[PDB]
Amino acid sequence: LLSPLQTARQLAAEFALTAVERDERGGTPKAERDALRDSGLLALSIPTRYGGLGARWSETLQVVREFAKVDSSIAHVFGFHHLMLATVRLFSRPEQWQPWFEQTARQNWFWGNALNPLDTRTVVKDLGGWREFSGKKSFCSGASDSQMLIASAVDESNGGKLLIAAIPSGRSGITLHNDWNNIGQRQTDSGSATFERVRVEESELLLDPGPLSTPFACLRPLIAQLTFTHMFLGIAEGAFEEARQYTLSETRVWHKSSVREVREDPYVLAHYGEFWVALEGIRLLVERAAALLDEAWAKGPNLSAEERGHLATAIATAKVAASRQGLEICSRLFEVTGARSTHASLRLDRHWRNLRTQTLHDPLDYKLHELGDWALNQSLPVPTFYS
């Protein structure tokens, strides 16, 4: 009876009731993850012909953004779940990903991340009949309480080629440490894992066409980048709305102010006008990138490298704006909420901390470098796991 957005907004309201306490507690948000299981939204990105809801990417990412207004850790593991599904869809054969889609939709499997291209400590050995992953990995966003994992390993042949597999999260030999302890994103379980001779079947390797191959396959890093981008916008929007409520409900006018109510103070209003101009610009850039992703995805394997590159530029443009202007809102909102809004029971700084943490994993200065290469030299970005 409800649309996916309506279902997400209802869930977000329930999440908001415990979000502040859970930011302090950290750990696995098991009750919230089960609420996602029961909602149906783990099948949001899966087409209806496999039992899913058939949303376009722009709708899936809209739900990521909606969760991020209240709970960016939940938004992160939810968005990464659909990124893992995109990974098998783009990197493997229909005989592999179609059953995975059907089982995920039927059983509400939660997919977690164990793919770190910049962590070559996990290696794969070939034992003829099967292969085995062995080593350690970090930044395993949402591996705990998951049913399936996307795991990477290096095959030390001619310098070391990355190999990606989809495997059950409880398979023998996998030890998920859940030592994730960070100032932000405190419920994404982005801790460590140990792989001890973990068996991987040929049928579980994502090889055809595999990573960084066709332009369509090369949408995978762009989906990841735009997932983060929607999170960034959601965090800024949630911070803004929380500040609004506080300004109107609790903030007292400064005794030197010319007005009697905070909501008429000329400096307070100018701050809110600057927040508005920033948010409006981010919103249009993010939504334009999402529409371009919809259009690129619809071309499938016929996607051109040119169209992929223009999408990549549009996403990076949105990400820079969401990162920089978003973090500024999360800091400067304290000037309109005031000295009492720093009470630890409110944890109003959680928006800033979450966004500060997540904007560092892909350095902004090198995003500007890439965008300048387009703006000055008309050079398309080179497809990587970050671009």
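One-based numbering along the sequence shown.
Q: Quick one: higher average CA temperature factor, 240-248 or 277-285?
A: Stretch with the higher mean C-alpha B-factor: 240-248.
Q: Comparing 204-212 with 70-78, where is the mean C-alpha B-factor higher?
A: Going by the record's values, the stretch with the higher mean is 204-212.
Q: Say you rank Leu11, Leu376, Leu364, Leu17 by Cα B-factor from the PDB entry; which sits at the top?
A: The record points to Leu17.
Q: Based on what the PDB entry reports, which of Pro266, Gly142, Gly234, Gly309 has the top C-alpha B-factor?
A: Highest C-alpha B-factor among the listed options: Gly142.
Q: Would you mind checking where the Cα B-factor of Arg340 ranks among the modelled residues of its chain, as the lowest, middle or highest third?
A: Its C-alpha B-factor belongs to the highest third of this chain's values.
Q: Please place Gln147 in the lowest, middle or highest third of its chain according to the CA B-factor in the PDB entry.
A: CA B-factor rank for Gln147: middle third.
Q: Report the third (lowest, middle or highest) to which the CA temperature factor of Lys136 belongs, ranking only the modelled residues of the same chain.
A: Tercile = highest for this residue's CA B-factor.
Q: Consider only the C-alpha atoms of the modelled residues in this chain, order them by B-factor as the entry records it, and name the third containing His230: lowest, middle or highest.
A: Bottom third by C-alpha B-factor.
Q: Sorting by Cα B-factor within the chain, modelled residues only, which third would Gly40 end up in: lowest, middle or highest?
A: Middle third.
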